[PDB]
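To begin, one chain is listed below as structure tokens, in the form deposited in one PDB entry.
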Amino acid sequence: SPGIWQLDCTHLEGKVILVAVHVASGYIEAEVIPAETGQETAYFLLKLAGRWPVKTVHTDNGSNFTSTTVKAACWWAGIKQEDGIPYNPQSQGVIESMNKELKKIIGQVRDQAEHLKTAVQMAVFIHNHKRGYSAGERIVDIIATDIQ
């Protein structure tokens, strides 16, 4: 549980927002890319795994699951790649809700930044800090408890 993350890809302003959600806490990391490719997903995972102890990743679609570059990055970083098939079906709805919510925050900050990428990072900040505990507090507690 402490090492489980879910990939999520959403669209805005003709661009792609790639999101990694720490399932147990709701904590996110996100980036803007021109389009989802195996290479971009692989690089994103390498960054993520150097920052948090990523054990398992539920990939967001079959193309990324299949991608030889994504597979290489998961091998390199010691990540077990799994499908993102929501056998538990509330999972989809939770991600759907998060995308809607992230887009709402992006709209609220949008005019404070020229570039979408900046607005996305502001939205990540607001999401992770919103409180009772915040997502940022929850992920730290979960992992700290796991270490010990």
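Residues carry their position along the shown sequence, with the first being 1.
The modelled chain breaks between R131 and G132, where 4 to 9 residues of the deposited sequence lack coordinates. Per-stretch averaging of Cα B factors for 4-12 and 139-147 places 139-147 on top. Comparing 106-114 with 90-98, the stretch with the higher mean C-alpha B-factor in the PDB entry is 90-98. You'll see in the entry that, of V57, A49, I85, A30, the Cα B factor peaks at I85.
Residues shown: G38, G62, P34, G26. Highest C-alpha temperature factor in the entry: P34. Ranked by Cα temperature factor within the chain, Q121 sits in the lowest third according to the deposited record.
Omitted from view is the form solved in complex with a small molecule, to which the following refers.
The closest heavy atom approach of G84 to the small molecule in the bound PDB entry falls outside 4.5 Å. Though the partner is left out of this view, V57 does not reach within 4.5 Å of the small molecule in the bound PDB entry, counting heavy atoms only.
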